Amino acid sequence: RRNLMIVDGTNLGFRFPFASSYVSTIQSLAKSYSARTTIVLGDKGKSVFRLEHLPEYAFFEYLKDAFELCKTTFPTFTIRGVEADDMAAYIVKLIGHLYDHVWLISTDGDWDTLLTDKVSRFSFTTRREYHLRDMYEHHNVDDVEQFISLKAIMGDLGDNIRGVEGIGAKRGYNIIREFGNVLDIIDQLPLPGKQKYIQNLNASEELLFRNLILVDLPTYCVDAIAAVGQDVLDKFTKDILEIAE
């Protein structure tokens, strides 16, 4: 009736022919989350935007059938060279105002950089719902700005994103609480401290800068979609605006 639902399609596929079960699961979620609008996203190709900044950055036929069936029921988007993460981030900032709440269907913690008091996430893996109010319980940070900065400092080895040595969630969070976000920290470099991790941090200016671009979804989502063409960005913008009426 009044919410927006965004589905991390490929991610949902990993939970499972299953095309029928896939679309039904979504129809069922749209019902339980009162979505008057549901947009299913998919991952096609590799993130052009992230690859140009980090060259080493990071069933399938049935999943294709699932997406084909999905298109006949819900607006479904797959933009080659653009991650579902960026389209989700962009959809939220563009038409999020038009809804009471936005529900993200994804088991990907990176999607929590999109959280606000009106943007939450549901995970099939844990069955948990992720609200901004519980950011500490789920990420050892108090808010989204801190989650983004900590990700930039620590990095994600799974995505081949190196981080600052010796800095974990605890040290990073305390470094963030005392000196602010990543850009604030960079501007204050070097930071006082005899500890090795502080020294490593002081020699990481460019790493922190590069990492921020790779992990700060809301800020770079528009650039990430435009990395494959302004025309493709315009068509996407036109499509989501038409959907929102």
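Note that residue numbering follows the sequence shown and begins at 1.
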Handout entry: Deposited-sequence gap flanked by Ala58 and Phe59
Key = 10 or more
Exercise for the section: Decide which of the stretches 77 to 85 and 159 to 167 has the higher mean C-alpha B-factor, going by the entry. Expected result: 159 to 167
Practice task
Could you check which stretch, 219 to 227 or 6 to 14, carries the larger mean CA temperature factor in the entry?
Solution key: 6 to 14
Fill in the blank from the handout: From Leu208, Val40, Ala35, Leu214, the top C-alpha temperature factor is at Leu208
Handout entry: Identity of residue with top Cα B-factor, from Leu114, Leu94, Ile153, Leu132
Key = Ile153
Exercise for the section: Grab the CA temperature factor for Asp239 from the record and place it in the lowest, middle or highest third of its chain. Expected result: lowest
Fill in the blank from the handout: Sorting the chain's modelled residues by C-alpha B-factor and splitting them into thirds places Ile175 in the highest
Practice task
Just say lowest, middle or highest third for the CA B-factor of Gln199 relative to the other modelled residues in its chain.
Solution key: highest
Completion exercise
So, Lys64's CA B-factor, relative to its chain, sits in which third? The highest
Exercise for the section: Can you work out whether the C-alpha temperature factor of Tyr99 puts it in the lowest, middle or highest third of the chain? Expected result: lowest
